[PDB]
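Engineer: For the protein sequence lines, the chains are B and A, in the order given.
Per the entry's author numbering, residue 11 is the first one in the first sequence, and the count goes up by one each step.
Per the entry's author numbering, residue 10 is the first one in the second sequence, and the count goes up by one each step.
My questions will all concern the structure given below.
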Amino acid sequence: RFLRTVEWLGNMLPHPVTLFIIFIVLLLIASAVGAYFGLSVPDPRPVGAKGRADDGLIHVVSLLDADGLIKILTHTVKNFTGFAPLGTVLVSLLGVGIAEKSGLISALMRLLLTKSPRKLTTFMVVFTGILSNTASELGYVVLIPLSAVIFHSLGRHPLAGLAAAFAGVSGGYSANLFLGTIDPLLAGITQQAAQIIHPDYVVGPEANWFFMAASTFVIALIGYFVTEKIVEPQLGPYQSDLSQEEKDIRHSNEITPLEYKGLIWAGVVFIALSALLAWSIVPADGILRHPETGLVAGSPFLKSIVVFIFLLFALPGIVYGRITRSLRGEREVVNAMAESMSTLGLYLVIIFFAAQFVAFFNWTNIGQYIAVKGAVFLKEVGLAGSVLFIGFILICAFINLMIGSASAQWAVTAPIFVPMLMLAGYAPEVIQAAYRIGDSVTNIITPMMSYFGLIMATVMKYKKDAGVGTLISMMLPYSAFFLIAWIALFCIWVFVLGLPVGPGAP
Amino acid sequence: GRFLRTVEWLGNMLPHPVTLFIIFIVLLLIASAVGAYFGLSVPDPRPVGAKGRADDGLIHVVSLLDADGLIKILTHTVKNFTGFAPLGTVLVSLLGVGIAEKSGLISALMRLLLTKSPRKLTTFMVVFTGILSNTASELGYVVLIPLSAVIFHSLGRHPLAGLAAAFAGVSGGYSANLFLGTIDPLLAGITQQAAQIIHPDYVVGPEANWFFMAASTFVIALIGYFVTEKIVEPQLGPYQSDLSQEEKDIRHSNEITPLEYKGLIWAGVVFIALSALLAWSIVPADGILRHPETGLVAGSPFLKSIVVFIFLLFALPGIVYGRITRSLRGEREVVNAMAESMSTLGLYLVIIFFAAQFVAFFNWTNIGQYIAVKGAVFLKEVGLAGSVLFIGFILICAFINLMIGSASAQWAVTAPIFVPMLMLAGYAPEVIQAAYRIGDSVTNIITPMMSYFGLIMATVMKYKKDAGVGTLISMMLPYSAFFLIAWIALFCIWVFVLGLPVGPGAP
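Spelled out as structure tokens, the structure:
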């Protein structure tokens, strides 16, 4: 009855939008009650020569109809529009759509399992599973039942190959090399949630490139224990009677000389773009730096690295698409962008209510109150660089089983966590990295994602199991060997190295 | 026909509005880089006042200096796209339209009109109902078209004039309706973002056209007796029994049940209890919502938050109609359904990402103000008065509407070219937006390569099997001729008699 508890976890509390509704509903009466009779919090820590004032007392502010109603009504489209994630995600996704549906990303992951050696593919299947998070679908449909099929011909066993790439896709979610559509997405919410105390901070789209790139190999190497974790539970059936028609038909999805001729001719335009972006930033006589200073930090470059990942995705895809005739018309690629832009349906609502939640939070000053009261807590017991950040990863990997689903979680918790752990002596870029560990690790063990469906359609293609929900108990050690494998990699980024760490000058 | 070839050629000549925006900014890059490379200038902009931009005169074209031009584009892409007024205002409003629609609150309203209306009215009613079915942007097609055609075999006379009645009501009665909509803050947004080029600080609310379009819902309803003159044209002899079969009485199952009776009475109660709230705030001079430190009414946050009010007055009655009739139960159900609506704007964002990225290039390269003044010296030359000039406008946008014209797909294209020069002519963007909103809804009945042939032509064969195809448009020609002339008049009363914000002065 550990399954039942995990199922109760996700099916307990209402929608994350409904959360934001009750949040900004209760916060209204929170401000109303708390600031009706009398309340105050004595001290912050804004030490400096003016600017950030010396004054200690920052009070909760009610819903006094006069200024309150005017503020909510005037700032609604204003909150939404200026909401940090909003424009940044869309601009980036605009380019992602083309790369994905041009069959560029499709054939890119379709050719590696063909090119990689046997001993390598055993670990490459998982390693590739990690990098398929930028496409948000490829990893499930044409990689999961393909990983399982590649293990009958080029591998050992399918029911541990379905799992080989499912640990990579679901588990190695946030970990990826090039900035995904999550990097400027999560950097956005982390940004607009960190402006409750230091209202000028900007979480770049580059955020955790160093961490997440170095974290691809580390978890891919615990994908080498899949050779130790295939035999340990059990083994069984041998080819033949295991859905053979759909097995060896999964081979035409391998590659064609057209797909290769594109990859070789889309890589050309990719490396071209990549070289161009470097031109302007390299020299000290360079054109795109900070115009006054000359220091790369703070330059328009990092302010346009959302446009750059819109570029580095779109244009390689379009050249791949035209040259191999993947998609012809110039009215076709636009009718295709509209398709990808049609998928962010729920995203906007939770963004309208996150803007609204971080608004109702911010200008009622309750958000800063919660921030400092949690700051005095975590600097008490002696919670140093890795006590606070082990205690962090564990909570956002536990709440992830209830309401946690990428941004649905973060949009809720970031207004609660990030203003409070910033003051503790630990910068917010670091806690966005740590959260981008916690949401990805426990994805395997059931939240309430019903994407079991396609996965179950793969398990029945091989081992028709007696009990259903066997894959989750089977998958428990894979999310255990990943939890510890990642947390360890993070502490080498706090008591060892971290470029923007602490609210000081690291 | 001789004219169907040229109409077909109209819409399929040029590419998608986005590809239209791509080349518009691509040429604007070198339009700036050619005209401002060697030298160019334009004299005497007409300003107002003693200080500010009241003097200094000349304004020039600005090229692409690779240091600054590149920086402005790379830094400002999301900043231009977010601040883009229509994008912010539309999304907030669409949430309200979604709940009001899916709950079957608007569905059961146009479903209630054709039922509760007398047969003499039904010819004037099905067209008038046809007009108000634009706020839903779907309802008027799927059901109301073959519903009008199933009423003409029961409460009417011949069911190919009902197929035509409500169709003239929807596609023709597009932009003028009751209780605002989504095009009210949409069009007002892009028109606003076209006035940012000259007056800069101009704000076009969604309610700006509300006085106009509301009254203009009747003109198109009284010509709902001109359908009575259109059924007379080649009426035939099918007397029931013809082409529609058992799909006729199944089309009665959507009539009414006491559930939607008690539901609309209890959602209507909510609706009328909502507007009752929004009036208390603005009525008294001792009231709470005005311009805070100045006894006022306009300029107050009210008109600034009426983009929200249309989201409120739509969503809230829809919920009650969905919880009282149990059209949608769960509290996680109405939220899982708000996400379906924002999907539909898939293309809308792109064209509005490139419109933000078109009025961007256009405005800070100063070419938009150049085109503005070289056309402002044009239209005040002939003697083009308020009435005379604005007939030339209605027709051009009711002509280009057959090529790239589709709601805001052309408006995002022609607003940055028309509104700048025609404001300086002495005519404020408010009545210009009123004029464009006239012209795109006229030639919609004749084909702008309309993507909606299906629902309509599946109703003709199901009522009058036609040997030829495309006989509906030739049939529709006189129905767009008796609306073009009609509406051109109704606006010219407004321009030569009354309009609250007309002219870049103080009207």
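Every residue gets a Cβ at the ideal spot worked out from N, C-alpha and C, and that includes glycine.
1. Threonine 84 of chain B lies in the alpha helix (DSSP H); which residues open and close that run?
2. Using only CA atoms, which one of B:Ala346, B:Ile274, B:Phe462 and B:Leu464 lies nearest to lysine 111 of chain B?
3. From the beta carbon of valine 87 of chain B, is the nearest beta carbon of chain A less than 8 Å away?
4. Report the CB separation of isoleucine 328 of chain B from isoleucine 108 of chain B in whole angstroms; it is logged as a contact under 8 Å.
5. Any beta carbon from chain B within less than 8 Å of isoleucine 297 of chain A's own beta carbon?
6. Which residue marks the beginning of the alpha helix (DSSP H) containing residue 588 of chain B, and which one marks its end?
7. Taking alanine 416 of chain B as the reference, give the member of B:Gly182, B:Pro326, B:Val136 and B:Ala40 with the closest Cα.
8. Kindly say whether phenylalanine 90 of chain B, judged by its beta-carbon, lies nearer than 8 Å to any beta-carbon of chain A.
9. Which runs of the alpha helix (DSSP H) spanning at least 4 residues fall entirely within the region 207-247 of chain A, listed in chain order?
10. Tell me the start and end of each unbroken alpha helix (DSSP H) in the region 129-157 of chain B that is at least 4 residues and wholly inside, in chain order.
11. What does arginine 341 of chain A reach in chain B if we use C-beta pairs closer than 8 Å?
12. Does any residue of chain B have a CB that is nearer than 8 Å to the CB of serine 314 of chain A?
13. Relative to the C-alpha of residue 518 of chain A, which residue among A:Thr374, A:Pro516 and A:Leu164 is closest?
14. May I ask you to report which of helix, strand or coil DSSP gives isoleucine 68 of chain B?
15. If contact means a Cβ-Cβ distance below 7 Å, which residues of the region 281-312 of chain B contact chain A?
16. DSSP three-state label for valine 51 of chain B, please.
17. Is the distance from the Cβ of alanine 424 of chain B to the Cβ of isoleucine 199 of chain B below 8 Å?
18. Helix, strand or coil for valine 368 of chain A, going by three-state DSSP, please let me know.
19. Could you have a look at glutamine 202 of chain B and say whether DSSP puts it in helix, strand or coil?
20. Starting from the Cα of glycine 165 of chain A, find the closest Cα among A:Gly149, A:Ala177, A:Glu147 and A:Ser126 and give me that residue.
21. Contact between the region 78-98 of chain B and the region 305-321 of chain A is defined here as three or more beta-carbon pairs at a separation below 8 Å; is this criterion met?
22. Mapping DSSP to helix, strand and coil, what is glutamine 254 of chain B?
23. Just to confirm my understanding: we take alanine 407 of chain B, look at its own chain, exclude 5 residues before and 5 after, and list those with CB closer than 6 Å. What are they?
24. Output, in chain order, the set of chain B residues within a Cβ distance shorter than 8 Å of residue 537 of chain A.
25. Any chance you could list the alpha helix (DSSP H) runs of at least 4 consecutive residues sitting entirely within the region 391-428 of chain A, in chain order?
26. Could you pull the start and end residues of the alpha helix (DSSP H) that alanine 174 of chain A belongs to?
27. Between the alpha carbons of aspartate 258 of chain A and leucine 123 of chain A, how many angstroms are there, rounded?
28. Would you say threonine 84 of chain B faces chain A, with C-beta separation under 8 Å as the test?
29. Closer than 8 Å, CB to CB, is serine 352 of chain A near chain B or not?
30. Over what stretch of residues does the alpha helix (DSSP H) that includes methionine 347 of chain A continue unbroken?
31. Quick one, which of B:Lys60, B:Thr28, B:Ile34 and B:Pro267 has its alpha-carbon nearest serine 72 of chain B's?
32. State the start and end residues of the unbroken alpha helix (DSSP H) segment that holds residue 9 of chain B.
33. If you draw a straight line from the alpha carbon of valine 279 of chain B to that of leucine 148 of chain B, how long is it in whole angstroms?
34. I think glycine 20 of chain B touches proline 457 of chain B, with their Cβ atoms under 8 Å apart; what is that distance to the nearest whole Å?
35. When you compare each of A:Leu433, A:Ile455, A:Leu321 and A:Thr144 to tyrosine 488 of chain A by their alpha carbons, which one comes out closest?
36. Assuming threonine 468 of chain A is part of the alpha helix (DSSP H), what are its boundary residues?
Structural biologist: Looking at the atomic coordinates:
1. 75-84
2. B:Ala346
3. yes
4. 6 Å
5. yes
6. Lying before the first or after the last residue shown, residue 588 of chain B is absent from chain B, which here runs from 11 to 516.
7. B:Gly182
8. yes
9. 219-231
10. 148-151
11. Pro24, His25 and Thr28
12. yes
13. Outside the shown range of chain A (10 to 516) lies residue 518 of chain A, about which nothing can therefore be said.
14. strand
15. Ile297 and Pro310
16. strand
17. yes
18. helix
19. helix
20. A:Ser126
21. yes
22. helix
23. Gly448, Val451 and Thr452
24. Within the shown structure, residues of chain A are numbered from 10 to 516, placing residue 537 of chain A beyond reach of any answer.
25. 398-406
26. 171-179
27. 15 Å
28. yes
29. yes
30. 344-350
31. B:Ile34
32. A query on residue 9 of chain B cannot be resolved here, the shown segment of chain B reaching from 11 to 516 and no further.
33. 23 Å
34. 5 Å
35. A:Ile455
36. 462-469
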